[PDB]
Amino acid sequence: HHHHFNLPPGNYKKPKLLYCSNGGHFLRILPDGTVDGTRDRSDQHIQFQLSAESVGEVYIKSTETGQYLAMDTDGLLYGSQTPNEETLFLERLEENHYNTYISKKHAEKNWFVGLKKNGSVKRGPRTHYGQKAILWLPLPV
């Protein structure tokens, strides 16, 4: 392993919003594949269904569009139409409270799913342990 194995409680039984306390944005995947953050709780593209491939590995799927969150070769997030190597994330507990999502594909490089204070996605190589941008809170829909 390149990472710890502290796992969050809860589960995947229900769909959820992914809230980033950094700037106070909900993760969003627009129909066209664009990934970003919004503070609009009424948005119809911020609801996700998580599922586990293996213990600690998850897919993050848009309930509205069916797209999978994915991180490409350059660390950019995009909505994938199908489940590929780039759609698997290591879900871990962080600071004994939050959830972090590390790209399985690029785990050795410590690339996390994260949002900047202005709501834009932080590129993989620009993220790292210790940042507030990588800290998520799953909220019921």
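All residue numbers are counted from 1 along the displayed sequence.
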item	value
Entry-level comparison of average CA B-factors, 115-123 and 5-13, reporting the higher stretch	5-13
Given 80-88 and 37-45, the range whose Cα B-factors average higher in the PDB entry	37-45
93, 50, 29, 55, ranked by C-alpha B-factor: the highest one	55
Third of the chain's Cα B-factor distribution that residue 18 belongs to, per the entry	lowest
Assigned third (lowest, middle, highest) for the C-alpha B factor of residue 72	lowest
Within-chain third of residue 62 by Cα B-factor, per the entry	middle
